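J.: Have a look at this one before I ask anything.
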Amino acid sequence: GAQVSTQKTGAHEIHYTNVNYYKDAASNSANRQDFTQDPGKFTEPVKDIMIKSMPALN
Amino acid sequence: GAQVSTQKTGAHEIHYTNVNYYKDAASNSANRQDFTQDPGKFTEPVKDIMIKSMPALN
Amino acid sequence: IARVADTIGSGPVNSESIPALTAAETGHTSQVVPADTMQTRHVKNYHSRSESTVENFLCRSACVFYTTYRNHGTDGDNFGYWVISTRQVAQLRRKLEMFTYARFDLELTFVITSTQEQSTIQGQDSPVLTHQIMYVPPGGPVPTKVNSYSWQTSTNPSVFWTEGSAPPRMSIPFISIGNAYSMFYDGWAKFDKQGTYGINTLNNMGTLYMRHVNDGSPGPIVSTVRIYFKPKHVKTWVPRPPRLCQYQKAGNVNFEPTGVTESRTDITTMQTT
Amino acid sequence: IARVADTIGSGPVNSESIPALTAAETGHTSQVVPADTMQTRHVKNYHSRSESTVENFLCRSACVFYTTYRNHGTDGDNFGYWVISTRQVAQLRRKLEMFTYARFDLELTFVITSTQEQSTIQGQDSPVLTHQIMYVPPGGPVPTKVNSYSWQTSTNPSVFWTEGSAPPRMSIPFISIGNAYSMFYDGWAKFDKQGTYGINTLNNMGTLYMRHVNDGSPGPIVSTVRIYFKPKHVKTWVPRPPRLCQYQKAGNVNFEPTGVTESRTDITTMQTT
Amino acid sequence: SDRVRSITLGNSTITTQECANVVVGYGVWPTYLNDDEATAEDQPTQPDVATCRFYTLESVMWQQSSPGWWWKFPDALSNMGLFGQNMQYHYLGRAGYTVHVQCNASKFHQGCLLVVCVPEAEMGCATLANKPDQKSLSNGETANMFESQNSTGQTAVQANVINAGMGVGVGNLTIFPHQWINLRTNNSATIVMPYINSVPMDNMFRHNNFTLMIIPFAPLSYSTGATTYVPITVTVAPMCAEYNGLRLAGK
Amino acid sequence: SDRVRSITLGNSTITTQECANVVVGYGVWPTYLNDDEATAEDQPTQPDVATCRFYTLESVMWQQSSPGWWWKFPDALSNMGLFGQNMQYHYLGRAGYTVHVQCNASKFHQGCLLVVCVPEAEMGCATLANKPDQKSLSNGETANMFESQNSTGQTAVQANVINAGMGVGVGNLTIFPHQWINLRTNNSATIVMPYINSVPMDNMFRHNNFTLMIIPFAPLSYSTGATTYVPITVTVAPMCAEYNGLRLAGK
Ligand SMILES: CCCCCCCCCCCCCCCC(=O)O
Ligand SMILES: CCCCCCCCCCCCCCCC(=O)O
Ligand SMILES: CCCCCCCCCCCCCC(=O)O
Ligand SMILES: CCCCCCCCCCCCCC(=O)O
């Protein structure tokens, strides 16, 4: 049970291996590459869709 | 994910193994065997081909 | 990949569409890009947001407290204790308090250093020192002396460490009784609202106890233990504005009123700063 | 394989082809081999250019600075700092400056050594020392005392090290805001051309801070930290002539004019040297 | 033959009947910045004819004791037509250059000039503690002269030619794209320089970042009765010039 | 709705929440000169971003007794950024214009302005024997004011507004591409003008050849206690500007 993942490399011109040693999931290392984004919660929390090009208010 | 490469040995009369441990590509070891050569940039930067046996200037 | 958006090409426009005009009263933050108010070129942006994730922003070891204990004591009374909290330091407290709720595992690290004290007990040749940090969860028996029975650690987790070696480290899971750690609490502890008000209501994490496992030598010695917290496997909820005023207490959010920003000469001075 | 070219066999010649004659005015460097101006034999050359690659030429640990800090201080004021640069040493500066642009990762290593000072504080029996190197990027809060709050290192990267163990080492990626590190800059910092001229314009790497994590003991002690840089994953552009004159400053390329080479007696003396 | 050559850029043309060849940078012809290399988002300006054309600088006079000259670019073109204009109104810029140095003699004249383009040619001051002032580094359209002796001055440049103002060996300058004007062989030298920098575009007023040096390695020589006025004319043309960041004019 | 509108040219944008519509010349959108219409042979310059953008002129103040104003183009833009620069270095030029006149009021204000672009607006002098001097015809970025009475002066323009300086009926000026700013209806007027001339390109310094007139047909009016400072701002943008005939700068 070894996990081969992709290292953090540069763009515009590379794997590491991981084995878990302990029985608890808290003993693992950090989730350094959990890239998720949902900004709509805070920037567009309104009920109606509010298209950009249209006027906000009639 | 283990990489078996050829060691540096002598010519005229031999592998090592590599595993990456860290998540960043900068944590890796040096590229000791990146043998590339393009001397034409500095020694023949002229526009025309300039064949050797021919006279350089007419 | 936390890759940012590419810039799209845009030429001249003349139409009824009004991307620049909006109503900020709606609470909606406008989604205008530079390609809406000017002719842009095409840019393949390879920049990524990998460093502003909440895991990377928070996964840094930070010192949260240090205390001192001696080898001679009286009588004694030469040991250390810390009631665990994350609010006695300014730096880590402000990062954790950018959110209202957080769930994470911790990486706990200790840095124990010993110092020789002024005396006339020459000559001193002291063997290597061994320290014992004991964690007593809420309700367990507390050490009263430096050699009391509680240090047996039959069920209480303890780490023994000899000086000169790597600083000790262990992992702690998410241990709260709630579904998330609270950085902020807007209620009281008692139902009649008398007593403690605020985040101190939920502070029941426990206590750490430190001592020398060695018997005290003639030469006086004082050791200081630095605790370092590192959040791991983080999940944050409800971000809030960063603390502007300087902290005053650990139990409450009491502050001294502060200006909004640094002032400048007038409304048009470009010397900012 | 960076294997050199084999020598081809060549017999006598009598023709119109003139490999030895050329025009050096063209800027072209002639590609004549020995097989063009003499009868050669066939040689299977197994020599390789593996050692003159820019990675191998540059991937050597080099000391770039060392500074001292004490344990007593006043008041204190017993800690060290270094504004990071690669131009305070002659040896590594001349290798990096054979190119105009370079991109690489670094391997950073420290060698910390402590020395006992002259005093009459007998007798001294001091526990092992622990050092803390903190890196403060540009804009971050600076340590003002040896025990100030900045040493908490909530977000600033720091390495803790106890004496007697392996020298500490960590990797740094390529961190510049440009697409390449510049060894040379032929402009000013301000648009009106007043102010700093040259490579100092682009020097904004940060600062390192060092201290003893231990409380000071009675016996005086001075520690020196040696920083070692090792370029990794190298890419170089636009090679330039090696520095001939001895360096004078770190911020600029100011020099004292030097002769082209060592002189000899006359145009025909074979005693060279 | 290969000694003749013509170069047409814009409404300008240069003919040469006695040349050697064209040296093209590091084998790279100048091009426009691509979408995957760009970082500035606004649509750039490309005049493409009014700016990418030949400009002739001020001529110097080769003498028997001339150590050499140097120009900074694009500071030398900062007042040349519409190329200088776009430089003033824009924050960012980008160009490559065709450089044509021209010196003719009488076939009884002798002397060899080194013509080289040095990228990022940072120059030292004559006083080790100080820095060279703005005029000593680049006089614009006028050449700054090398000296054949140690320089003096608080803000002066160390213009002793043996180190070429940079603290290197002057004979080692052939690592950069260079050429030779040898009076018995050719009367001109031409170099095509691409845009070289650590960023895709730069401010054209606070950065150069290449210098043109003309150093006589073999001195000018002739017998009495021959023409003694041998000038060297420099004609540069920006190639693929584009500009970003339009605003009020300056500097 | 159709009262809102935005116009993006270059790095500039104009939003209007209360407009009427866009008047496009004679139904012709400005374009570049074609190969079968061109006669000048050299490759033209097209800045296309640094010049085809919005420029704001100097504002005037609408008063209760203001007869009107006029600008000449491209003389009004002869000193505006890189558009004026390309005009100086080039013999020939060619552009179309987006014109945006903007005047806002308080909804208790009243008055109607005629905004018209007159092609080839040749103006007469106040003295019948003489000719109007250069400044009376076009002050550049500054507006020349109509009079509500007969003008006097040897070199003056006959600026009596009833004939509009041209010897015609001012109410008949609606034959040209025009619009109205009626304070109860809209606060702006925009006209897109193509290049109109008897030749494919012309010299931009000795020919205009259209004028912008702003004539209040209904005077400004308000009750005491309201704002009395009602300015009119003019924002013009050349479209598809190209240039031929590069040489030294002038005028
Ligand atoms: C031998 C060492 C064991 C020590 C175990 C320590 C466990 C204590 C719990 C630490 C987590 C506290 C986090 C609280 C967060 C908050 O209040 O915002
Ligand atoms: C705890 C240790 C962390 C230290 C991190 C140090 C990072 C500083 C950056 C080093 C690279 C500098 C290279 C510059 C090259 C040049 O200017 O030519
Ligand atoms: C961090 C790099 C770890 C390198 C691997 C060392 C640990 C032992 C690996 C054993 C792999 C077989 C176990 C398995 O089946 O998953
Ligand atoms: C430098 C030599 C390293 C020798 C190997 C030790 C590390 C563990 C190897 C584990 C191999 C299985 C992992 C994988 O699937 O790639």
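Residues in the structure tokens are numbered from 1 in each chain, the chains being A, B, ... in the order shown, and ligands are numbered from 1 in the order shown.
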Counting only C-alpha atoms, collect the residues of chain D whose closest atom lies at most 7 Å from chain B, and write them out as a PyMOL selection string.
T.: chain D and resi 1-2+17-19+22-23+28-29+31+46+50+55-56+105+171-173+232-233
J.: Neighbours of ligand 2 at 9 Å or closer, counting only C-alpha atoms and all ligand atoms: which residues, as a ChimeraX atom specification?
T.: /D:84-87,93,96-97,101-106,108-109,132-137,156-160,169-176,181-184,199-200,202-208,229,231
J.: Chain A near ligand 3 within 9 Å: what's each residue's closest atom pair and its distance in Å to one decimal, counting only C-alpha atoms and all ligand atoms, ordered by chain then ascending residue number, as JSON lines?
T.:
{"residue": "A:1", "atom": "CA", "partner": "ligand 3", "partner_atom_place_in_ligand_line": "16 (O)", "distance": 2.2}
{"residue": "A:2", "atom": "CA", "partner": "ligand 3", "partner_atom_place_in_ligand_line": "16 (O)", "distance": 3.9}
{"residue": "A:3", "atom": "CA", "partner": "ligand 3", "partner_atom_place_in_ligand_line": "16 (O)", "distance": 7.5}
{"residue": "A:16", "atom": "CA", "partner": "ligand 3", "partner_atom_place_in_ligand_line": "2 (C)", "distance": 7.2}
{"residue": "A:17", "atom": "CA", "partner": "ligand 3", "partner_atom_place_in_ligand_line": "2 (C)", "distance": 5.0}
{"residue": "A:18", "atom": "CA", "partner": "ligand 3", "partner_atom_place_in_ligand_line": "1 (C)", "distance": 4.8}
{"residue": "A:19", "atom": "CA", "partner": "ligand 3", "partner_atom_place_in_ligand_line": "3 (C)", "distance": 5.5}
{"residue": "A:20", "atom": "CA", "partner": "ligand 3", "partner_atom_place_in_ligand_line": "7 (C)", "distance": 8.3}
{"residue": "A:21", "atom": "CA", "partner": "ligand 3", "partner_atom_place_in_ligand_line": "7 (C)", "distance": 8.3}
J.: The coordinates of chain B, once least-squares superposed on chain A over all sequentially paired C-alpha atoms, should be supplied as a PDB file with N, CA and C atoms, in the first residue's frame.
T.:
ATOM      1  N   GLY B   1       0.790  -1.215   0.000  1.00  0.00           N
ATOM      2  CA  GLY B   1       0.000   0.000   0.000  1.00  0.00           C
ATOM      3  C   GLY B   1       0.826   1.270   0.000  1.00  0.00           C
ATOM      4  N   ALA B   2       1.441   1.576  -1.137  1.00  0.00           N
ATOM      5  CA  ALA B   2       2.207   2.801  -1.314  1.00  0.00           C
ATOM      6  C   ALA B   2       1.486   3.687  -2.316  1.00  0.00           C
ATOM      7  N   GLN B   3       1.407   4.976  -2.013  1.00  0.00           N
ATOM      8  CA  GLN B   3       0.723   5.942  -2.858  1.00  0.00           C
ATOM      9  C   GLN B   3       1.746   6.808  -3.578  1.00  0.00           C
ATOM     10  N   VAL B   4       1.738   6.751  -4.905  1.00  0.00           N
ATOM     11  CA  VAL B   4       2.606   7.573  -5.739  1.00  0.00           C
ATOM     12  C   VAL B   4       1.789   8.755  -6.240  1.00  0.00           C
ATOM     13  N   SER B   5       2.183   9.958  -5.834  1.00  0.00           N
ATOM     14  CA  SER B   5       1.496  11.180  -6.215  1.00  0.00           C
ATOM     15  C   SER B   5       2.440  12.069  -7.009  1.00  0.00           C
ATOM     16  N   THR B   6       1.881  13.131  -7.582  1.00  0.00           N
ATOM     17  CA  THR B   6       2.671  14.079  -8.352  1.00  0.00           C
ATOM     18  C   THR B   6       3.187  15.199  -7.462  1.00  0.00           C
ATOM     19  N   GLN B   7       4.489  15.448  -7.547  1.00  0.00           N
ATOM     20  CA  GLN B   7       5.106  16.533  -6.808  1.00  0.00           C
ATOM     21  C   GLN B   7       4.623  17.883  -7.325  1.00  0.00           C
ATOM     22  N   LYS B   8       4.896  18.918  -6.540  1.00  0.00           N
ATOM     23  CA  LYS B   8       4.614  20.291  -6.942  1.00  0.00           C
ATOM     24  C   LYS B   8       5.754  20.781  -7.825  1.00  0.00           C
ATOM     25  N   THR B   9       5.475  20.972  -9.110  1.00  0.00           N
ATOM     26  CA  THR B   9       6.484  21.403 -10.064  1.00  0.00           C
ATOM     27  C   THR B   9       6.032  22.693 -10.729  1.00  0.00           C
ATOM     28  N   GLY B  10       6.927  23.266 -11.528  1.00  0.00           N
ATOM     29  CA  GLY B  10       6.615  24.512 -12.197  1.00  0.00           C
ATOM     30  C   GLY B  10       5.886  24.291 -13.507  1.00  0.00           C
ATOM     31  N   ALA B  11       5.221  25.344 -13.969  1.00  0.00           N
ATOM     32  CA  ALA B  11       4.480  25.288 -15.216  1.00  0.00           C
ATOM     33  C   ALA B  11       5.300  25.882 -16.355  1.00  0.00           C
ATOM     34  N   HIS B  12       4.833  25.633 -17.578  1.00  0.00           N
ATOM     35  CA  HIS B  12       5.476  26.152 -18.783  1.00  0.00           C
ATOM     36  C   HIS B  12       6.918  25.664 -18.892  1.00  0.00           C
ATOM     37  N   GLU B  13       7.082  24.349 -19.007  1.00  0.00           N
ATOM     38  CA  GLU B  13       8.397  23.715 -19.054  1.00  0.00           C
ATOM     39  C   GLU B  13       9.143  23.926 -17.744  1.00  0.00           C
ATOM     40  N   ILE B  14       8.778  13.160 -11.649  1.00  0.00           N
ATOM     41  CA  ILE B  14       8.168  14.164 -10.789  1.00  0.00           C
ATOM     42  C   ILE B  14       7.018  13.554 -10.004  1.00  0.00           C
ATOM     43  N   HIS B  15       7.306  12.440  -9.339  1.00  0.00           N
ATOM     44  CA  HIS B  15       6.378  11.802  -8.422  1.00  0.00           C
ATOM     45  C   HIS B  15       7.090  11.584  -7.098  1.00  0.00           C
ATOM     46  N   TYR B  16       6.319  11.533  -6.020  1.00  0.00           N
ATOM     47  CA  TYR B  16       6.832  11.080  -4.740  1.00  0.00           C
ATOM     48  C   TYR B  16       5.985   9.910  -4.264  1.00  0.00           C
ATOM     49  N   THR B  17       6.551   9.132  -3.352  1.00  0.00           N
ATOM     50  CA  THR B  17       5.898   7.956  -2.805  1.00  0.00           C
ATOM     51  C   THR B  17       5.537   8.209  -1.353  1.00  0.00           C
ATOM     52  N   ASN B  18       4.421   7.635  -0.920  1.00  0.00           N
ATOM     53  CA  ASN B  18       3.950   7.792   0.446  1.00  0.00           C
ATOM     54  C   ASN B  18       3.507   6.449   0.996  1.00  0.00           C
ATOM     55  N   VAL B  19       3.933   6.150   2.215  1.00  0.00           N
ATOM     56  CA  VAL B  19       3.455   5.000   2.965  1.00  0.00           C
ATOM     57  C   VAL B  19       3.010   5.493   4.330  1.00  0.00           C
ATOM     58  N   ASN B  20       1.877   4.983   4.801  1.00  0.00           N
ATOM     59  CA  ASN B  20       1.368   5.295   6.128  1.00  0.00           C
ATOM     60  C   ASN B  20       1.908   4.267   7.111  1.00  0.00           C
ATOM     61  N   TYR B  21       2.426   4.740   8.242  1.00  0.00           N
ATOM     62  CA  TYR B  21       3.055   3.860   9.215  1.00  0.00           C
ATOM     63  C   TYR B  21       2.207   3.611  10.450  1.00  0.00           C
ATOM     64  N   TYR B  22       1.282   4.504  10.778  1.00  0.00           N
ATOM     65  CA  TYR B  22       0.559   4.449  12.038  1.00  0.00           C
ATOM     66  C   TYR B  22      -0.900   4.083  11.806  1.00  0.00           C
ATOM     67  N   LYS B  23      -1.565   3.652  12.881  1.00  0.00           N
ATOM     68  CA  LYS B  23      -2.908   3.099  12.753  1.00  0.00           C
ATOM     69  C   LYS B  23      -3.969   4.188  12.787  1.00  0.00           C
ATOM     70  N   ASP B  24      -3.610   5.379  13.255  1.00  0.00           N
ATOM     71  CA  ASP B  24      -4.558   6.479  13.337  1.00  0.00           C
ATOM     72  C   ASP B  24      -4.416   7.392  12.129  1.00  0.00           C
ATOM     73  N   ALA B  25      -5.549   7.896  11.640  1.00  0.00           N
ATOM     74  CA  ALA B  25      -5.514   8.760  10.466  1.00  0.00           C
ATOM     75  C   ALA B  25      -4.986  10.145  10.804  1.00  0.00           C
ATOM     76  N   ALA B  26      -4.996  10.517  12.084  1.00  0.00           N
ATOM     77  CA  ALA B  26      -4.439  11.798  12.498  1.00  0.00           C
ATOM     78  C   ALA B  26      -2.919  11.801  12.471  1.00  0.00           C
ATOM     79  N   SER B  27      -2.289  10.626  12.455  1.00  0.00           N
ATOM     80  CA  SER B  27      -0.834  10.557  12.417  1.00  0.00           C
ATOM     81  C   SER B  27      -0.275  10.868  11.038  1.00  0.00           C
ATOM     82  N   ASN B  28      -1.129  10.978  10.027  1.00  0.00           N
ATOM     83  CA  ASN B  28      -0.674  11.232   8.673  1.00  0.00           C
ATOM     84  C   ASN B  28      -0.130  12.650   8.544  1.00  0.00           C
ATOM     85  N   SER B  29       0.430  12.939   7.376  1.00  0.00           N
ATOM     86  CA  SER B  29       0.947  14.268   7.103  1.00  0.00           C
ATOM     87  C   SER B  29      -0.144  15.152   6.498  1.00  0.00           C
ATOM     88  N   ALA B  30       0.167  16.438   6.370  1.00  0.00           N
ATOM     89  CA  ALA B  30      -0.841  17.424   6.007  1.00  0.00           C
ATOM     90  C   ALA B  30      -1.310  17.246   4.565  1.00  0.00           C
ATOM     91  N   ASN B  31      -2.538  17.699   4.305  1.00  0.00           N
ATOM     92  CA  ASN B  31      -3.124  17.689   2.964  1.00  0.00           C
ATOM     93  C   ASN B  31      -2.726  18.972   2.234  1.00  0.00           C
ATOM     94  N   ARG B  32      -1.456  19.013   1.830  1.00  0.00           N
ATOM     95  CA  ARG B  32      -0.885  20.227   1.260  1.00  0.00           C
ATOM     96  C   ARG B  32      -1.468  20.577  -0.102  1.00  0.00           C
ATOM     97  N   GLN B  33      -2.096  19.624  -0.785  1.00  0.00           N
ATOM     98  CA  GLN B  33      -2.532  19.846  -2.158  1.00  0.00           C
ATOM     99  C   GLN B  33      -4.019  19.564  -2.332  1.00  0.00           C
ATOM    100  N   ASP B  34      -4.843  20.108  -1.443  1.00  0.00           N
ATOM    101  CA  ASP B  34      -6.298  20.001  -1.530  1.00  0.00           C
ATOM    102  C   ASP B  34      -6.814  21.308  -2.128  1.00  0.00           C
ATOM    103  N   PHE B  35      -6.793  21.383  -3.455  1.00  0.00           N
ATOM    104  CA  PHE B  35      -7.135  22.604  -4.179  1.00  0.00           C
ATOM    105  C   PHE B  35      -8.608  22.560  -4.565  1.00  0.00           C
ATOM    106  N   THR B  36      -9.446  23.201  -3.758  1.00  0.00           N
ATOM    107  CA  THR B  36     -10.867  23.349  -4.036  1.00  0.00           C
ATOM    108  C   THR B  36     -11.237  24.805  -3.811  1.00  0.00           C
ATOM    109  N   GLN B  37     -12.176  25.313  -4.603  1.00  0.00           N
ATOM    110  CA  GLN B  37     -12.554  26.719  -4.541  1.00  0.00           C
ATOM    111  C   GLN B  37     -14.037  26.856  -4.841  1.00  0.00           C
ATOM    112  N   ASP B  38     -14.754  27.539  -3.954  1.00  0.00           N
ATOM    113  CA  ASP B  38     -16.173  27.841  -4.133  1.00  0.00           C
ATOM    114  C   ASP B  38     -16.430  29.245  -3.607  1.00  0.00           C
ATOM    115  N   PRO B  39     -15.925  30.267  -4.302  1.00  0.00           N
ATOM    116  CA  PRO B  39     -16.106  31.646  -3.825  1.00  0.00           C
ATOM    117  C   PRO B  39     -17.533  32.150  -3.932  1.00  0.00           C
ATOM    118  N   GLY B  40     -18.418  31.434  -4.626  1.00  0.00           N
ATOM    119  CA  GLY B  40     -19.763  31.943  -4.847  1.00  0.00           C
ATOM    120  C   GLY B  40     -20.565  32.093  -3.570  1.00  0.00           C
ATOM    121  N   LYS B  41     -20.189  31.351  -2.524  1.00  0.00           N
ATOM    122  CA  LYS B  41     -20.860  31.477  -1.234  1.00  0.00           C
ATOM    123  C   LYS B  41     -20.801  32.907  -0.715  1.00  0.00           C
ATOM    124  N   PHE B  42     -19.665  33.575  -0.910  1.00  0.00           N
ATOM    125  CA  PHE B  42     -19.441  34.852  -0.245  1.00  0.00           C
ATOM    126  C   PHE B  42     -19.568  36.019  -1.214  1.00  0.00           C
ATOM    127  N   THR B  43     -19.373  35.771  -2.511  1.00  0.00           N
ATOM    128  CA  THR B  43     -19.357  36.877  -3.462  1.00  0.00           C
ATOM    129  C   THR B  43     -20.688  37.014  -4.191  1.00  0.00           C
ATOM    130  N   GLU B  44     -21.434  35.921  -4.333  1.00  0.00           N
ATOM    131  CA  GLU B  44     -22.745  35.936  -4.982  1.00  0.00           C
ATOM    132  C   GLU B  44     -23.737  35.133  -4.152  1.00  0.00           C
ATOM    133  N   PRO B  45     -24.043  35.588  -2.938  1.00  0.00           N
ATOM    134  CA  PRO B  45     -25.016  34.890  -2.089  1.00  0.00           C
ATOM    135  C   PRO B  45     -26.466  35.269  -2.348  1.00  0.00           C
ATOM    136  N   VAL B  46     -26.765  35.904  -3.481  1.00  0.00           N
ATOM    137  CA  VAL B  46     -28.104  36.427  -3.709  1.00  0.00           C
ATOM    138  C   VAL B  46     -29.012  35.339  -4.267  1.00  0.00           C
ATOM    139  N   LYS B  47     -30.320  35.596  -4.228  1.00  0.00           N
ATOM    140  CA  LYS B  47     -31.287  34.571  -4.606  1.00  0.00           C
ATOM    141  C   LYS B  47     -31.399  34.439  -6.118  1.00  0.00           C
ATOM    142  N   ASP B  48     -31.471  35.563  -6.826  1.00  0.00           N
ATOM    143  CA  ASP B  48     -31.577  35.548  -8.274  1.00  0.00           C
ATOM    144  C   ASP B  48     -30.188  35.501  -8.911  1.00  0.00           C
ATOM    145  N   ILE B  49     -30.154  35.131 -10.194  1.00  0.00           N
ATOM    146  CA  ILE B  49     -28.892  34.752 -10.826  1.00  0.00           C
ATOM    147  C   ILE B  49     -27.979  35.959 -11.003  1.00  0.00           C
ATOM    148  N   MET B  50     -28.545  37.123 -11.318  1.00  0.00           N
ATOM    149  CA  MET B  50     -27.782  38.368 -11.406  1.00  0.00           C
ATOM    150  C   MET B  50     -26.677  38.293 -12.466  1.00  0.00           C
ATOM    151  N   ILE B  51     -27.106  38.209 -13.729  1.00  0.00           N
ATOM    152  CA  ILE B  51     -26.165  38.164 -14.844  1.00  0.00           C
ATOM    153  C   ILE B  51     -25.349  39.451 -14.903  1.00  0.00           C
ATOM    154  N   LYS B  52     -24.112  39.338 -15.395  1.00  0.00           N
ATOM    155  CA  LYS B  52     -23.159  40.442 -15.328  1.00  0.00           C
ATOM    156  C   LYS B  52     -23.553  41.590 -16.251  1.00  0.00           C
ATOM    157  N   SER B  53     -23.760  41.292 -17.536  1.00  0.00           N
ATOM    158  CA  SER B  53     -23.978  42.353 -18.514  1.00  0.00           C
ATOM    159  C   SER B  53     -25.304  43.063 -18.285  1.00  0.00           C
ATOM    160  N   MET B  54     -26.267  42.376 -17.679  1.00  0.00           N
ATOM    161  CA  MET B  54     -27.569  42.971 -17.448  1.00  0.00           C
ATOM    162  C   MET B  54     -27.494  43.999 -16.319  1.00  0.00           C
ATOM    163  N   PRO B  55     -28.451  44.922 -16.258  1.00  0.00           N
ATOM    164  CA  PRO B  55     -28.535  45.808 -15.094  1.00  0.00           C
ATOM    165  C   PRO B  55     -28.919  45.025 -13.850  1.00  0.00           C
ATOM    166  N   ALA B  56     -28.289  45.377 -12.727  1.00  0.00           N
ATOM    167  CA  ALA B  56     -28.590  44.697 -11.471  1.00  0.00           C
ATOM    168  C   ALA B  56     -30.033  44.933 -11.049  1.00  0.00           C
ATOM    169  N   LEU B  57     -30.500  46.173 -11.152  1.00  0.00           N
ATOM    170  CA  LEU B  57     -31.869  46.539 -10.824  1.00  0.00           C
ATOM    171  C   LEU B  57     -32.535  47.102 -12.070  1.00  0.00           C
ATOM    172  N   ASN B  58     -33.782  46.708 -12.302  1.00  0.00           N
ATOM    173  CA  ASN B  58     -34.528  47.183 -13.461  1.00  0.00           C
ATOM    174  C   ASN B  58     -34.730  48.694 -13.394  1.00  0.00           C
TER     175      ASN B  58
END
J.: May I have the residues of chain D within 8 Å of chain C, counting only C-alpha atoms, written as a compact mmCIF listing (two decimals) with N, CA and C atoms, in the first residue's frame?
T.:
# COMPACT_ATOMS: atom_id res chain seq x y z
N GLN D 122 34.39 30.47 36.88
CA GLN D 122 34.51 29.09 37.34
C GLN D 122 33.66 28.83 38.58
N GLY D 123 33.02 27.67 38.64
CA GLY D 123 33.11 26.69 37.57
C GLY D 123 31.87 26.63 36.70
N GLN D 124 32.06 26.29 35.43
CA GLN D 124 31.00 26.29 34.44
C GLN D 124 30.70 24.86 34.01
N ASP D 125 29.42 24.49 34.06
CA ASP D 125 28.93 23.22 33.54
C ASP D 125 27.61 23.50 32.82
N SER D 126 27.69 23.72 31.51
CA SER D 126 26.58 24.26 30.75
C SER D 126 25.91 23.16 29.94
N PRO D 127 24.59 23.04 30.00
CA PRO D 127 23.90 22.05 29.17
C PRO D 127 24.04 22.36 27.69
N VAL D 128 23.60 21.41 26.87
CA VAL D 128 23.75 21.53 25.42
C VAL D 128 22.98 22.74 24.92
N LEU D 129 23.50 23.37 23.87
CA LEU D 129 22.89 24.58 23.34
C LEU D 129 21.96 24.27 22.18
N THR D 130 20.90 25.06 22.07
CA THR D 130 19.92 24.96 20.99
C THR D 130 19.80 26.31 20.30
N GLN D 152 8.22 33.67 17.71
CA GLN D 152 7.15 32.68 17.76
C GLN D 152 7.04 31.91 16.45
N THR D 153 7.37 32.57 15.34
CA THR D 153 7.42 31.94 14.01
C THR D 153 6.11 31.26 13.65
N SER D 154 5.01 31.99 13.83
CA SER D 154 3.70 31.43 13.50
C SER D 154 3.59 31.13 12.01
N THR D 155 4.14 32.00 11.17
CA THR D 155 4.09 31.85 9.73
C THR D 155 5.47 31.91 9.09
N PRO D 157 9.20 30.76 8.43
CA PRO D 157 9.87 29.46 8.57
C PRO D 157 11.11 29.57 9.44
N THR D 162 19.90 21.55 17.85
CA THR D 162 20.72 21.32 19.03
C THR D 162 22.13 20.92 18.60
N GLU D 163 23.12 21.44 19.31
CA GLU D 163 24.51 21.16 18.98
C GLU D 163 24.83 19.68 19.13
N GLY D 164 25.87 19.24 18.44
CA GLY D 164 26.30 17.86 18.49
C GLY D 164 25.66 16.95 17.46
N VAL D 213 18.27 29.60 21.81
CA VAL D 213 16.98 29.37 22.43
C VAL D 213 17.14 29.18 23.93
N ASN D 214 18.34 28.82 24.37
CA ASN D 214 18.62 28.68 25.79
C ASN D 214 18.69 30.04 26.46
N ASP D 215 18.35 30.07 27.74
CA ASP D 215 18.67 31.24 28.55
C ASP D 215 20.16 31.26 28.84
N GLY D 216 20.72 32.46 28.92
CA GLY D 216 22.16 32.58 29.06
C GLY D 216 22.64 32.06 30.40
N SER D 217 23.68 31.26 30.36
CA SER D 217 24.35 30.74 31.55
C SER D 217 25.40 31.73 32.02
N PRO D 218 25.99 31.50 33.20
CA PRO D 218 26.99 32.45 33.70
C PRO D 218 28.22 32.55 32.82
